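S.K.: What follows is a structure written as structure tokens; I'll ask about it next.
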Amino acid sequence: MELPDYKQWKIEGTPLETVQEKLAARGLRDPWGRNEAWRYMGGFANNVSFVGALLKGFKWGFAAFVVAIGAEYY
Amino acid sequence: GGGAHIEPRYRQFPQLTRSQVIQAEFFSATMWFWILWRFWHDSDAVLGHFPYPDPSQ
Amino acid sequence: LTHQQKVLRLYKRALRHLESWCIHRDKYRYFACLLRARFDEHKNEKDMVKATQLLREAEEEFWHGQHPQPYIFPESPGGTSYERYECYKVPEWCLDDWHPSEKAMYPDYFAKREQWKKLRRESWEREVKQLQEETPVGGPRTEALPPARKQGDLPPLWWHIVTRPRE
Amino acid sequence: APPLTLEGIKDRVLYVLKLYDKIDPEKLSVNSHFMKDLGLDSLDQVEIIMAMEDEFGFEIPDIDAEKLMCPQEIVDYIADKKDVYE
Amino acid sequence: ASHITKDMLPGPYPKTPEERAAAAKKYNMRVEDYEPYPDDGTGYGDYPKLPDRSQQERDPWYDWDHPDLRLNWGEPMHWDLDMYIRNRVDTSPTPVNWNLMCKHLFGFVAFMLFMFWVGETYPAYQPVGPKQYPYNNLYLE
Amino acid sequence: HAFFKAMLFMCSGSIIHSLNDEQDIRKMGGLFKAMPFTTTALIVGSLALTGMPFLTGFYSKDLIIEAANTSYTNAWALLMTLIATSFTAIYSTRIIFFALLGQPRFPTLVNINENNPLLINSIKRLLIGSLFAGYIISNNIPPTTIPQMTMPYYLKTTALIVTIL
Amino acid sequence: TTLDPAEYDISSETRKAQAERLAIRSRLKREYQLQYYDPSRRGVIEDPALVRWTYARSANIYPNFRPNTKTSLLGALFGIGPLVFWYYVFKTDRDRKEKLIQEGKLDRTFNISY
Amino acid sequence: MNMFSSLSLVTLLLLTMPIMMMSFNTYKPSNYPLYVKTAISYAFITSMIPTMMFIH
Amino acid sequence: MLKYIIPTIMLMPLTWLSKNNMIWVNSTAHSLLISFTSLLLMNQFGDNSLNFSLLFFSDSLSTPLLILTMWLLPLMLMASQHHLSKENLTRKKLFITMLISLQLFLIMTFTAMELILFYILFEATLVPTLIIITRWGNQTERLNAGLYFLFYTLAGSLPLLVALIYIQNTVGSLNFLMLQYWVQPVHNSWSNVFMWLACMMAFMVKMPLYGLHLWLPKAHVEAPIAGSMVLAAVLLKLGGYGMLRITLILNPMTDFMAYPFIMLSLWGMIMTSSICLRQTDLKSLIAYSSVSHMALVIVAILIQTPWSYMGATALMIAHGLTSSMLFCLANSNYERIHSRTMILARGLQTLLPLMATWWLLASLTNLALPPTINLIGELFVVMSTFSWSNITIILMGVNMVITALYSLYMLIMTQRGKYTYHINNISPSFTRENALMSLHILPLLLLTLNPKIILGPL
Amino acid sequence: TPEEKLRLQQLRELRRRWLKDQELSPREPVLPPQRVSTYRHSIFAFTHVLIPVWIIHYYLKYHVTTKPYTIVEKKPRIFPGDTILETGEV
Amino acid sequence: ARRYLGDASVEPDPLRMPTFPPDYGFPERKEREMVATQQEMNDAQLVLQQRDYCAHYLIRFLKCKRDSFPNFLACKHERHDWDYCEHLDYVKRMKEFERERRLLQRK
């Protein structure tokens with residue numbers, strides 16, 4: 001019900017949030033960074049990949065492709 | 001409402017029903033088995049070619 | 001439109017048209033104070049043309065590059081599915097003529113109907129009495145006294161007090 | 001199809017107080033009136049709801065500025081707009 | 001049934017301050033950019049003194065417009081200027097009057113010079129001259 | 001073609017209801033945010049729309065662009081048809097790169113749901129009927145014309161590489 | 001392209017005492033809302049902005065009208081104007097079409113309709 | 001051979017029936033999309049029968 | 001007519017003879033009973049021809065046109081009762097009797113056996129119409145419109161008498177259309193122009209050209225109780241058909257000067273429908289639709305050689321049923337909002353759902369959706385004047401374009417909402433409001449099954 | 001703003017007060033009132049399709065012998081495999 | 001079309017031909033022509049642009065489509081042989097510009 005209890009996110013990963021580190025020569029500084037990093041962190045670094053996503057990992061890429069071939073064949 | 005069988009979230013990634021992924025992974029296998037007759041056996045152009053018919057005299 | 005809130009109505013859209021331009025989420029967020037830095041140049045000074053050149057040159061670089069089909073917040077003056085709930089549209093007080101055996105259903109809602117009308121049918125001895133007094137001759141916007149000094153009934157009663165709910 | 005109650009709107013408005021690094025979790029709950037620690041003229045009147053501009057953000061018209069001083073007066077008419085609690 | 005100031009009269013210089021507003025509050029005190037002087041094009045019977053035309057135009061802007069309604073749905077009291085063409089008006093776009101649309105079809109207008117030629121696949125342009133000979137040169141043998 | 005978009009409108013129709021409205025290519029996120037089935041159905045038809053490596057309308061698409069091979073055309077027509085095939089490829093990954101790739105960005109209360117078997121009965125019939133459509137239709141049809149069946153060197157198979165780029 | 005449409009300009013302090021033009025429309029709205037709310041009306045309000053919109057458009061153009069100009073005598077370029085041109089076309093057909101129909105033939109054997 | 005189009009006019013005539021029964025001839029316990037979804041469900045398999053008769 | 005006139009005069013000493021408020025039910029009861037007898041002996045066969053009895057009837061043989069004339073007295077009494085029931089019974093007995101007295105002369109008209117019996121009955125009207133225009137209207141501009149309805153119809157019709165009496169003592173006698181076997185032709189002269197022109201121009205004043213239509217949005221705009229003679233005045237306009245009786249014979253070979261009647265009525269067709277899209281009076285919106293695709297018959301009669309008479313007859317009773325009902329759609333929905341301004345009636349389509357179908361199936365007959373009696377009428381006119389010159393498909397095609405955008409503009413003004421006002425407008429379109437709105441489309445789409453009944457000779 | 005502090009706190013005591021009245025299901029106030037009152041797949045399916053095919057055939061076999069043109073069927077499209085040679089494959 | 005002589009019957013739709021209309025024909029090697037039987041080509045319901053060469057091999061090819069009715073391939077190798085009938089026909093036609101480029105040069 002109250003799942004976003006504060007002091008939960010507390011930037012540790014989310015390499016998007018190293019851009020706030022980039023402005024250290026500029027300085028803003030503190031407010032605020034935890035808005036866009038709501039669901040940037042967590043288990044949301046799954047983040048499906050290159051052509052292997054449209055291959056779906058090339059998972060069954062040759063699965064029964066060679067398993068059917070072959071017998072009889074005399 | 002009446003039935004909360006899929007709950008709302010606060011970005012905690014509500015998951016699947018642990019049976020949808022079976023039908024999901026089943027229809028990637030049926031198409032990459034269907035690359036069978038794409039290569040074995042079907043080539044680029046099964047026609048035969050001409051060997052440059054210059055000597056016509 | 002005062003000069004105090006002249007920048008503010010431009011300030012809300014200066015970031016709003018920006019976020020339709022980005023592709024990441026941090027791309028907007030890394031540009032947040034960066035967009036604020038140009039806006040924080042002139043902080044505290046006069047109100048004349050000394051400071052109107054913040055605005056008189058804000059036509060360029062805001063209208064120039066202004067929102068190539070931006071995000072529209074779909075329930076809005078524009079944008080899709082904004083005024084779409086209209087096949088129902090809540091035709092409130094269409095319940096005048098029934099020729100009953102159709103007034104059989106909801107016996108309690110028709111019971112509660114005649115109760116609320118006493119505030120509607122009888123408020124004109126009180127609300128319209130001060131309405132000639134509180135409004136001096138022809139003055140600006142016609143809101144009443146916000147409690148009407150004993151009981152605000154309403155003045156907006158009941159078309160703004162019992163208006164159409166959305167679904 | 002999903003309904004809503006009034007206990008969720010009291011938390012999200014209160015949470016983005018804590019999400020801002022300019023404001024500590026030591027200010028008042030419903031009425032700090034935003035002048036307790038205002039500044040500037042700009043960016044403490046529209047930026048204070050710029051976080052909810054992304055979250056709730058149903059285009060939030062020009063009237064919404066000076067009513068939003070009282071931080072309970074924000075909570076008042078969000079229930080009026082989106083067809084909310086009883 | 002209202003007979004006093006039913007409509008206009010043969011104006012538009014019949015002491016214009018008496019018109020808007022005796023009724024028909026187009027102007028406040030005949031300096032409002034809508035005093036009933038605007039008979040533009042006298043000699044035409046159209047638009048007399050007329051709490052009416054050439055007033056500012058192009059839209060009910062069909063948006064927020066929030067005193068309550070103020071534009072086209074919700075009917076304010078006296079704001080009709082000219083209508084029946086304002087059912088679905090628009091506004092200025094991001095560019096203005098760079099007619100690249102006729103220039104967009106001009107690309108095939110240059111490629112109408114490619115309609116003069118043919119598209120034979122075999123062979124290519126063949127830089128020989130009068131040695132292409134697309135149909136026939138000599139007899140059967 | 002009739003099996004393509006009545007799938008694909010209905011495929012994305014589960015998505016618009018899933019966020020309850022945006023229908024924008026912005027503010028979407030990645031593919032698998034508990035969306036296993038329809039993203040798998042998206043990468044079939046949008047791969048069919050690439051230009052058919054071995055998919056459904058390969059017997060409709062390839063046989064016509066190689067029916068314009070030997071022709072008396074405008075010679076600006078093949079400079080307008082075959083160039084349009086390359087533009088059909090960036091149609092595919094665009095909805096991938098905004099709705100099926102990126103980090104999850106959209107306003108909160110993730111109210112997604114996909115388990116109504118009315119939709120699951122809908123897609124599972126058409127996706128199976130999609131794949132084996134032309135391999136039954138074109139396999140069982142009277143031929144009415146004489147095919148081309150000639151395509152020499154450096155002029156023949158680049159129409160796939162038109163789609164690859 | 002139709003039109004500019006002049007969405008920003010200047011002020012402050014060109015004629016700063018121009019205010020209370022809202023006092024006109026607030027007077028109308030205080031007149032209207034007091035008219036619109038009542039417990040027993042059962043019928044529309046007159047609102048003579050419509051009445052002056054029809055009656056100054058339906059009638060009151062011909063009692064207005066004097067032919068003092070030539071831009072109301074412009075209508076001979078618009079009324080009898082194109083009607084001259086449609087006669088010029090239709091007698092070139094049905095005459096050039098007629099001579100070919102009599103001198104020589106153009107239609108075939110299976111022209112029963114017509 | 002006489003059943004080539006005799007089964008095909010079944011397809012062009014059956015779809016009129018959920019408009020005829022829409023004029024209140026003792027309608028179903030309501031669920032009215034189910035009546036039409038099953039109305040098409042038998043109209044498809046009738047239409048495919050002369051398609052096989054053509055390809056012979 | 002053996003005796004169709006003889007029962008319908010017997011309707012007249014039934015109304016005053018009756019009791020109190022029974023006078024509505026007594027008149028509408030018996031008036032429906034003629035519709036069997038009207039059909040009964042008529043529609044017989046059929047191959048050259050049915051001369052009927054005597055010097056009083058040629059039975060309206062090849063142009064039926066008369067069954068529609070007999071629907072209306074049991075169609076208008078149910079329509080007129082909306083705002084009439086505040087006057088005295090002594091005048092309520094009057095307004096039923098002159099309405100029957102208008103149907104009496106129309107019955108001996110359209111059949112008429114002659115050409116001089118036609119005229120005296122062609123002019124036997126316009127006295128009982130004018131009584132319905134001047135008395136029983138609304139606020140003023142009745143009285144000038146009562147005079148614009150005269151002095152066009154009567155200024156033109158008097159040079160008929162100069163020419164019809166001229167024929168009666170030149171070539172035999174005109175008394176029969178079947179003594180018109182001996183017809184001398186009419187060549188090119190300077191007196192035979194005027195014989196053609198005076199005999200024709202009195203028909204143009206009723207079915208209008210683009211010029212001299214100036215009386216048509218006067219009588220229909222300011223109009224009786226609920227379209228009560230406006231339904232009659234649309235039949236009376238198409239009851240100037242007699243150009244089909246005259247010009248087929250009786251100067252047959254003057255097409256030489258048809259051209260100022262063609263181009264005036266073929267370019268006027270494309271403009272007088274275009275000049276209505278900015279109307280603000282709702283009953284004047286329909287009143288210009290009645291100008292446009294009535295004037296398509298004027299280029300369909302003067303162009304001879306059928307495949308046009310196939311269509312020119314079907315167009316006379318195309319909008320005989322359509323434009324009647326559109327006036328009935330506007331004679332209703334004025335009893336509830338007391339203005340005919342089309343702006344004001346918004347917020348609708350939620351409040352009155354059952355009559356949404358009555359708007360559309362009206363306006364779907366101008367779009368005309370080919371299996372009706374409408375696009376079996378236009379597509380014979382189109383395929384006729386194509387064979388005059390090929391270029392006429394352009395103007396007549398743009399005629400089809402603009403009236404598509406024109407008919408929907410009257411529909412789509414009711415699909416809006418929030419209604420802003422209107423504590424009135426409660427009445428949920430009662431049993432009478434749908435009954436007299438029915439019996440229009442119920443014969444209109446019925447006759448599309450076998451429309452061989454609607455055809456000329458041809 | 002000091003003015004609407006008194007305002008809009010009574011509006012919730014009017015709007016939501018009516019909206020308190022608006023949510024209304026006491027004792028299911030649809031009466032309806034009066035009155036009363038998978039496997040088969042037997043009478044639902046047989047009534048739909050099986051009856052008109054009996055009808056529409058009857059206006060078809062009794063129709064080809066009446067109208068002087070029935071259905072206008074084409075020819076058999078036969079190859080030389082009945083009474084002719086092949087002849088190669090030369 | 002190799003002959004340009006008269007036509008006895010006035011039957012259009014160029015079945016009134018010398019025997020059989022080729023695409024060009026013949027022209028050199030061979031200078032001859034020939035095809036199937038025109039009395040069978042009209043007996044077989046077959047459209048134009050199918051009375052060219054390799055028709056008799058195709059008239060026996062597509063017969064097995066019905067002679068093997070619930071089949072997937074009547075003869076897939078003969079389809080590669082009818083294409084080999086077609087490709088040998090077409091490369092015979094491709095030697096135009098091998099000759100016409102050179103035979104139009106001087107000598």
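Chain labels A, B, ... are given in the sequence in which chains occur in the structure tokens; within each chain residues are numbered consecutively from 1, and ligands are likewise numbered from 1 in the order shown.
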Find the residues in chain K near chain H: any atom within 10 Å counts, using only C-alpha atoms. Write them as a PDB file with N, CA, C and O atoms, in the first residue's frame.

M.R.:
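Output (selection-v5.pdb):
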ATOM      1  N   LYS K  65      -1.200 -31.880 -61.352  1.00  0.00           N
ATOM      2  CA  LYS K  65      -1.729 -31.124 -60.221  1.00  0.00           C
ATOM      3  C   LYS K  65      -3.109 -31.631 -59.820  1.00  0.00           C
ATOM      4  O   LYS K  65      -3.444 -31.683 -58.632  1.00  0.00           O
ATOM      5  N   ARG K  66      -3.926 -32.010 -60.805  1.00  0.00           N
ATOM      6  CA  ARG K  66      -5.209 -32.635 -60.510  1.00  0.00           C
ATOM      7  C   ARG K  66      -5.102 -34.155 -60.503  1.00  0.00           C
ATOM      8  O   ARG K  66      -5.810 -34.820 -59.736  1.00  0.00           O
ATOM      9  N   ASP K  67      -4.199 -34.715 -61.315  1.00  0.00           N
ATOM     10  CA  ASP K  67      -3.999 -36.161 -61.329  1.00  0.00           C
ATOM     11  C   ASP K  67      -3.342 -36.653 -60.044  1.00  0.00           C
ATOM     12  O   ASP K  67      -3.397 -37.847 -59.735  1.00  0.00           O
ATOM     13  N   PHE K  69      -4.297 -35.173 -56.682  1.00  0.00           N
ATOM     14  CA  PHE K  69      -5.133 -34.097 -56.149  1.00  0.00           C
ATOM     15  C   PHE K  69      -4.707 -33.640 -54.755  1.00  0.00           C
ATOM     16  O   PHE K  69      -4.391 -32.446 -54.592  1.00  0.00           O
ATOM     17  N   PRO K  70      -4.650 -34.511 -53.702  1.00  0.00           N
ATOM     18  CA  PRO K  70      -4.330 -33.899 -52.388  1.00  0.00           C
ATOM     19  C   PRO K  70      -2.825 -33.870 -52.131  1.00  0.00           C
ATOM     20  O   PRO K  70      -2.308 -34.369 -51.123  1.00  0.00           O
TER      21      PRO K  70
END

S.K.: Got a sec: who's within 12 Å of residue K:96, counting only C-alpha atoms, leaving out chain neighbours fewer than 5 positions off, as a PyMOL selection string?

M.R.: (chain B and resi 53-54+56) or (chain E and resi 122-123+132-137) or (chain K and resi 24-29+90-91+101-104)

S.K.: Keeping N, CA, C and O atoms for every residue in the selection just given, could you write it to a file as a PDB file, in the first residue's frame?

M.R.:
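Below is the file that was written, out_19.pdb:
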ATOM      1  N   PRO B  53      27.453 -15.476 -73.051  1.00  0.00           N
ATOM      2  CA  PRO B  53      27.406 -15.964 -74.439  1.00  0.00           C
ATOM      3  C   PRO B  53      28.001 -15.006 -75.464  1.00  0.00           C
ATOM      4  O   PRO B  53      27.288 -14.420 -76.286  1.00  0.00           O
ATOM      5  N   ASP B  54      29.327 -14.847 -75.404  1.00  0.00           N
ATOM      6  CA  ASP B  54      30.034 -14.073 -76.424  1.00  0.00           C
ATOM      7  C   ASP B  54      30.303 -14.853 -77.713  1.00  0.00           C
ATOM      8  O   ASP B  54      30.046 -14.296 -78.795  1.00  0.00           O
ATOM      9  N   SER B  56      29.219 -16.335 -80.473  1.00  0.00           N
ATOM     10  CA  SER B  56      28.014 -16.648 -81.227  1.00  0.00           C
ATOM     11  C   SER B  56      28.269 -16.844 -82.714  1.00  0.00           C
ATOM     12  O   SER B  56      27.320 -17.122 -83.454  1.00  0.00           O
TER      13      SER B  56
ATOM     14  N   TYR E 122      18.343  -4.586 -69.747  1.00  0.00           N
ATOM     15  CA  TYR E 122      19.522  -5.103 -70.425  1.00  0.00           C
ATOM     16  C   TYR E 122      19.741  -4.358 -71.734  1.00  0.00           C
ATOM     17  O   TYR E 122      18.804  -4.245 -72.537  1.00  0.00           O
ATOM     18  N   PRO E 123      20.921  -3.768 -71.970  1.00  0.00           N
ATOM     19  CA  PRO E 123      22.021  -3.535 -71.042  1.00  0.00           C
ATOM     20  C   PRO E 123      21.867  -2.186 -70.364  1.00  0.00           C
ATOM     21  O   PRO E 123      20.774  -1.624 -70.312  1.00  0.00           O
ATOM     22  N   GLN E 132      24.166   0.806 -80.328  1.00  0.00           N
ATOM     23  CA  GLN E 132      23.136   0.173 -79.513  1.00  0.00           C
ATOM     24  C   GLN E 132      22.153  -0.594 -80.387  1.00  0.00           C
ATOM     25  O   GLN E 132      22.008  -1.815 -80.246  1.00  0.00           O
ATOM     26  N   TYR E 133      21.495   0.116 -81.330  1.00  0.00           N
ATOM     27  CA  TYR E 133      20.548  -0.392 -82.326  1.00  0.00           C
ATOM     28  C   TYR E 133      19.433  -1.205 -81.675  1.00  0.00           C
ATOM     29  O   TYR E 133      19.455  -2.440 -81.745  1.00  0.00           O
ATOM     30  N   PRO E 134      18.465  -0.552 -81.019  1.00  0.00           N
ATOM     31  CA  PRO E 134      17.550  -1.280 -80.120  1.00  0.00           C
ATOM     32  C   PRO E 134      16.611  -2.281 -80.791  1.00  0.00           C
ATOM     33  O   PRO E 134      16.094  -3.160 -80.089  1.00  0.00           O
ATOM     34  N   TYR E 135      16.376  -2.205 -82.102  1.00  0.00           N
ATOM     35  CA  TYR E 135      15.476  -3.181 -82.711  1.00  0.00           C
ATOM     36  C   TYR E 135      16.125  -4.121 -83.721  1.00  0.00           C
ATOM     37  O   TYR E 135      16.156  -5.335 -83.496  1.00  0.00           O
ATOM     38  N   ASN E 136      16.678  -3.583 -84.809  1.00  0.00           N
ATOM     39  CA  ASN E 136      17.149  -4.393 -85.930  1.00  0.00           C
ATOM     40  C   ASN E 136      18.223  -3.645 -86.703  1.00  0.00           C
ATOM     41  O   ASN E 136      18.201  -2.416 -86.808  1.00  0.00           O
ATOM     42  N   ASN E 137      19.171  -4.407 -87.249  1.00  0.00           N
ATOM     43  CA  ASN E 137      20.202  -3.837 -88.108  1.00  0.00           C
ATOM     44  C   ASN E 137      20.150  -4.427 -89.511  1.00  0.00           C
ATOM     45  O   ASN E 137      20.103  -3.691 -90.503  1.00  0.00           O
TER      46      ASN E 137
ATOM     47  N   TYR K  24       9.230 -13.259 -80.072  1.00  0.00           N
ATOM     48  CA  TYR K  24       9.687 -12.752 -81.360  1.00  0.00           C
ATOM     49  C   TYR K  24       9.727 -13.853 -82.417  1.00  0.00           C
ATOM     50  O   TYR K  24       8.958 -13.813 -83.382  1.00  0.00           O
ATOM     51  N   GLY K  25      10.585 -14.860 -82.219  1.00  0.00           N
ATOM     52  CA  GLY K  25      10.719 -16.003 -83.116  1.00  0.00           C
ATOM     53  C   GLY K  25      11.288 -15.728 -84.500  1.00  0.00           C
ATOM     54  O   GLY K  25      11.097 -14.636 -85.043  1.00  0.00           O
ATOM     55  N   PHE K  26      11.988 -16.688 -85.105  1.00  0.00           N
ATOM     56  CA  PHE K  26      12.564 -17.870 -84.454  1.00  0.00           C
ATOM     57  C   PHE K  26      13.920 -17.630 -83.730  1.00  0.00           C
ATOM     58  O   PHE K  26      14.146 -18.204 -82.666  1.00  0.00           O
ATOM     59  N   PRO K  27      14.834 -16.808 -84.301  1.00  0.00           N
ATOM     60  CA  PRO K  27      15.171 -16.146 -85.573  1.00  0.00           C
ATOM     61  C   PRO K  27      16.304 -16.740 -86.412  1.00  0.00           C
ATOM     62  O   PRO K  27      16.204 -16.703 -87.638  1.00  0.00           O
ATOM     63  N   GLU K  28      17.356 -17.261 -85.782  1.00  0.00           N
ATOM     64  CA  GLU K  28      18.518 -17.684 -86.557  1.00  0.00           C
ATOM     65  C   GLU K  28      18.864 -19.154 -86.355  1.00  0.00           C
ATOM     66  O   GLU K  28      18.929 -19.925 -87.318  1.00  0.00           O
ATOM     67  N   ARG K  29      19.076 -19.543 -85.102  1.00  0.00           N
ATOM     68  CA  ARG K  29      19.486 -20.894 -84.735  1.00  0.00           C
ATOM     69  C   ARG K  29      18.623 -21.327 -83.557  1.00  0.00           C
ATOM     70  O   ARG K  29      18.988 -21.088 -82.402  1.00  0.00           O
ATOM     71  N   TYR K  90      15.286 -18.833 -72.671  1.00  0.00           N
ATOM     72  CA  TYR K  90      15.484 -17.405 -72.467  1.00  0.00           C
ATOM     73  C   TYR K  90      16.916 -16.986 -72.777  1.00  0.00           C
ATOM     74  O   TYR K  90      17.141 -15.903 -73.325  1.00  0.00           O
ATOM     75  N   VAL K  91      17.895 -17.828 -72.439  1.00  0.00           N
ATOM     76  CA  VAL K  91      19.284 -17.513 -72.767  1.00  0.00           C
ATOM     77  C   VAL K  91      19.514 -17.636 -74.272  1.00  0.00           C
ATOM     78  O   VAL K  91      20.365 -16.937 -74.841  1.00  0.00           O
ATOM     79  N   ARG K 101      24.793  -5.853 -80.979  1.00  0.00           N
ATOM     80  CA  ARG K 101      25.865  -4.891 -80.752  1.00  0.00           C
ATOM     81  C   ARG K 101      26.993  -5.092 -81.756  1.00  0.00           C
ATOM     82  O   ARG K 101      27.608  -4.125 -82.220  1.00  0.00           O
ATOM     83  N   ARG K 102      27.270  -6.346 -82.116  1.00  0.00           N
ATOM     84  CA  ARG K 102      28.404  -6.631 -82.988  1.00  0.00           C
ATOM     85  C   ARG K 102      27.992  -6.672 -84.454  1.00  0.00           C
ATOM     86  O   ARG K 102      28.735  -6.211 -85.327  1.00  0.00           O
ATOM     87  N   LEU K 103      26.809  -7.227 -84.752  1.00  0.00           N
ATOM     88  CA  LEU K 103      26.375  -7.335 -86.144  1.00  0.00           C
ATOM     89  C   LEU K 103      25.980  -5.990 -86.738  1.00  0.00           C
ATOM     90  O   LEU K 103      25.916  -5.866 -87.964  1.00  0.00           O
ATOM     91  N   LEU K 104      25.707  -4.987 -85.904  1.00  0.00           N
ATOM     92  CA  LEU K 104      25.493  -3.628 -86.379  1.00  0.00           C
ATOM     93  C   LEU K 104      26.792  -2.853 -86.539  1.00  0.00           C
ATOM     94  O   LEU K 104      26.759  -1.708 -87.003  1.00  0.00           O
TER      95      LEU K 104
END

S.K.: How many Å separate atom CA of residue I:281 from atom CA of residue I:129?

M.R.: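 Interatomic distance, atom CA of residue I:281 to atom CA of residue I:129: 22.7 Å.
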
S.K.: What residues in chain D lie within 12 Å of chain F, counting only C-alpha atoms, written as a PyMOL selection string?

M.R.: chain D and resi 1-4+8+12+51-58

S.K.: Using only N, CA, C and O atoms, please write the residues we just selected to a file, as a short mmCIF file (atom, residue, chain, number, x, y, z; two decimals), in the first residue's frame.

M.R.:
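Output saved as part-v4.cif:
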data_model
loop_
_atom_site.label_atom_id
_atom_site.label_comp_id
_atom_site.auth_asym_id
_atom_site.auth_seq_id
_atom_site.Cartn_x
_atom_site.Cartn_y
_atom_site.Cartn_z
N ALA D 1 -11.60 0.95 -14.77
CA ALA D 1 -11.82 -0.17 -13.84
C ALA D 1 -11.12 -0.09 -12.45
O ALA D 1 -11.74 -0.50 -11.47
N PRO D 2 -9.87 0.38 -12.32
CA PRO D 2 -9.32 0.56 -10.96
C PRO D 2 -9.94 1.76 -10.27
O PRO D 2 -9.99 2.86 -10.83
N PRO D 3 -10.44 1.58 -9.05
CA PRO D 3 -10.89 2.73 -8.26
C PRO D 3 -9.73 3.38 -7.53
O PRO D 3 -8.56 3.04 -7.72
N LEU D 4 -10.07 4.36 -6.69
CA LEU D 4 -9.08 5.04 -5.88
C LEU D 4 -9.73 5.54 -4.60
O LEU D 4 -10.94 5.76 -4.53
N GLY D 8 -4.18 7.71 -0.73
CA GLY D 8 -3.03 7.66 -1.61
C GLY D 8 -2.55 9.03 -2.02
O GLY D 8 -1.35 9.26 -2.21
N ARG D 12 1.56 10.70 -1.78
CA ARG D 12 2.36 11.04 -2.95
C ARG D 12 2.79 12.50 -2.92
O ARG D 12 3.92 12.85 -3.26
N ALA D 51 7.46 18.19 -10.28
CA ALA D 51 7.60 16.75 -10.07
C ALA D 51 6.27 16.04 -10.30
O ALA D 51 6.22 14.96 -10.90
N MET D 52 5.17 16.65 -9.85
CA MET D 52 3.86 16.09 -10.14
C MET D 52 3.39 16.43 -11.54
O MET D 52 2.37 15.89 -11.99
N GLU D 53 4.10 17.33 -12.23
CA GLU D 53 3.87 17.55 -13.66
C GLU D 53 4.15 16.28 -14.46
O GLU D 53 3.48 16.01 -15.46
N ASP D 54 5.14 15.50 -14.04
CA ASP D 54 5.39 14.22 -14.70
C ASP D 54 4.47 13.13 -14.15
O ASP D 54 4.01 12.27 -14.91
N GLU D 55 4.19 13.16 -12.85
CA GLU D 55 3.49 12.04 -12.21
C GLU D 55 1.98 12.13 -12.42
O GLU D 55 1.39 11.29 -13.10
N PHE D 56 1.35 13.14 -11.83
CA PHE D 56 -0.07 13.33 -12.08
C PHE D 56 -0.26 14.11 -13.38
O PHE D 56 -0.78 13.55 -14.35
N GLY D 57 0.20 15.36 -13.40
CA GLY D 57 0.36 16.20 -14.57
C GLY D 57 -0.69 16.23 -15.66
O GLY D 57 -0.36 16.03 -16.84
N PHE D 58 -1.95 16.49 -15.31
CA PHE D 58 -3.02 16.60 -16.30
C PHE D 58 -3.16 18.07 -16.70
O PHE D 58 -4.22 18.67 -16.56
#

S.K.: Can you list, as a ChimeraX atom specification, every protein, DNA or RNA residue that comes within 9 Å of stretch 19-28 of chain D when you count only C-alpha atoms, leaving out same-chain residues fewer than 6 positions away?

M.R.: /A:6,30-35 /D:36-37,51

S.K.: For chain C, work out the contacting residues on chain E at 10 Å, counting only C-alpha atoms, and write them as a PyMOL selection string.

M.R.: chain E and resi 62-65+67+94-95

S.K.: Determine, counting only C-alpha atoms, which protein, DNA and RNA residues have an atom within 10 Å of an atom of stretch 16-22 of chain K; residues of the same chain fewer than 6 positions away are not included. Present the result as JSON, numbers by chain.

M.R.: {"K": [1, 2, 3, 4, 5, 6, 7, 8, 9, 10, 33, 34, 35, 36, 37, 38, 41, 48, 49, 50, 51, 52, 53]}

S.K.: Can you tell me how far atom CA of residue J:78 sits from atom CA of residue K:39, in Å to one decimal?

M.R.: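 Separation of atom CA of residue J:78 and atom CA of residue K:39: 12.4 Å.
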